[PDB]
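Engineer: Can you look at this? It's an experimental structure, sequence on top.
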Amino acid sequence: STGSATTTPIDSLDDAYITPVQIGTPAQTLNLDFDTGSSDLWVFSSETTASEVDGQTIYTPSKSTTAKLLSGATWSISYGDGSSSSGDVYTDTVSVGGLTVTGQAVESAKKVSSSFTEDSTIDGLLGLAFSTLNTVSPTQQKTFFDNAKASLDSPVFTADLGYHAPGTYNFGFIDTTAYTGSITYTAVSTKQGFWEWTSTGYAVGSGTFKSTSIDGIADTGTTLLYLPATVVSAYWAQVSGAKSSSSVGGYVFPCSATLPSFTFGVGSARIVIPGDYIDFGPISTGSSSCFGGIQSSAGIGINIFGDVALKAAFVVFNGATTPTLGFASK
């Protein structure tokens, strides 16, 4: 089998991407944030505290003839940005882009933190990291990809995120029309549950490539590119007036600037992030200070190849017995 679904930016900055997902019988369609950095499929629901729902579409398991309470199961997750959610668990039929999994754990939120409430466009998350990170207790549950893998034509999914434009998540096949050149594959460590790999270096604008190993995670659920402070300083030093602002929480730059590109290495290959992809707009409405799309990971403990990086590439998440990642230009 295969699936193919369009993923759409939630706003004009590409702060996140939503993909429609069918849950239950009859189908209830929710727009979920596909997140290769986590491993829970959780949704706003009829069980979510009413004051914490503000415009989201909710899953109502009592209206699904295929929903079954997973007795005794609870979940609770906290994300790198400080947000969180928790609740109980149903199994139900879940379809993405024509690909159907029966018996998928659908984690129903009883509580969500304020940032989820405040984002009316995201009805939940669909985790695509390794199932060892799944938070359901006392019986850990599998991701949608893990459940579908054996049925897929090939045990892979691909992320083709657009810049200020829709893109595509495919399951089970590699669309050879969606990228240019060849796909360069690179090793993955699953030891932390992430799609963790080692970039071979970077360049800033037209500058020379610096060969240096940068371990990080391919994370579709994180907006920005988080890299070591040395790398980030070298980038922003090329932008007149750019500075790190403790009060804003990262590097800011004059909105009048033209930003240089940023290149990262994948083996001997190179992915070029155009400068425009690194502009996240005014820090507050009307400001001439703009927020940068490349930020330091020094406070995180891991480097994160988020959407800023991934949207410049066609990315293969290869879930073969030994997983690997593939990157192509597009």
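Structural biologist: Noted; the coordinates are in hand. Numbers count the residues shown, from 1 in each chain.

Engineer: Tell me the buried residues in stretch 202-212?
Structural biologist: For stretch 202-212, burial by neighbour count (16 or more other C-beta atoms under 10 Å) applies to 202-204, 210. For every residue, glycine as well, the C-beta is placed using N, CA and C.

Engineer: quick one: which of the residues you listed sit in strands?
Structural biologist: Mapping those onto strands (DSSP state E) picks out 202-204, 210.

Engineer: Now render those residues as TSV, adding distance to residue 148.
Structural biologist: Formatted as TSV, those follow (distance: C-beta to C-beta, whole Å):
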residue	distance to residue 148
202	35
203	38
204	40
210	39
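
Engineer: Taking those together, which two end up most distant?
Structural biologist: 204 and 210 (8.7 Å; C-beta to C-beta).

Engineer: and for these two, which residues touch both?
Structural biologist: In terms of C-beta atoms under 8 Å, 6 or more residues apart in numbering, residue 204 and residue 210 are both contacted by the residues residue 234.

Engineer: circling back to that earlier point, I'd like to know which of the buried residues of stretch 202-212 is nearest to residue 219.
Structural biologist: Using C-beta to C-beta, the buried residues of stretch 202-212 come closest to residue 219 at residue 202, 17.5 Å.

Engineer: Do me a favour and get the end-to-end distance for stretch 180-193?
Structural biologist: Start and end residues of stretch 180-193 are separated by 30 Å (C-alpha to C-alpha, to the nearest Å).

Engineer: Give me the residues contacting it.
Structural biologist: Contacting residues not belonging to stretch 180-193 are listed as 39, 129-130, 132-133, 174, 195-198, 217, 266-269, 302, 314, 316, 318, 323-330 [C-beta under 8 Å, 6+ apart].

Engineer: are any of those buried, and which?
Structural biologist: 39, 129-130, 133, 174, 195-198, 217, 266, 269, 314, 316, 318, 323-330.

Engineer: Looking at the residues you listed, which are in strands?
Structural biologist: Using DSSP E, the subset of these located in strands is 196-198, 217, 266, 269, 314, 316, 318, 324-328.
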